[PDB]
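In structure tokens, one chain follows: the form deposited in one PDB entry.
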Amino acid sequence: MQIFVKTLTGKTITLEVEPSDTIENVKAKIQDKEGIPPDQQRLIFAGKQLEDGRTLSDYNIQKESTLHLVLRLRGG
């Protein structure tokens, strides 16, 4: 299914995912499309982070639902 990841810079990243998927793998296919390391990024939904071990349907992220990517601090 299709979900969106609104980011900095007004960018919109479009990913094909399954509710079965880890949040880690959502980070992993953001990496292939954007070249962003998965452990320097953190996704928020309903304005809350989602730990990598859990899945998107546990947070009832249905299709066409919008996420936002805050990137972990540099150092960090």
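In this text, the rigid core denotes the largest set of C-alpha atoms whose superposition between the two forms falls within 1.5 Å. From 1 onward, residues are counted along the sequence shown.
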Which of 3-11 and 67-75 lies farther from this form in 5 other deposited structures of this protein, as RMS of C-alpha positions after a rigid core fit: 67-75
Residue range whose averaged C-alpha B-factor is higher in the record, 14-22 or 49-57: 49-57
Entry-reported Cα temperature factor of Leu8, expressed as the chain third it lands in: highest
Chain-wide C-alpha B factor ranking for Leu73, given as lowest, middle or highest third: highest
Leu43 by Cα B-factor - lowest, middle or highest third of the modelled chain: lowest
Within-chain third of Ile30 by Cα B-factor, per the entry: lowest
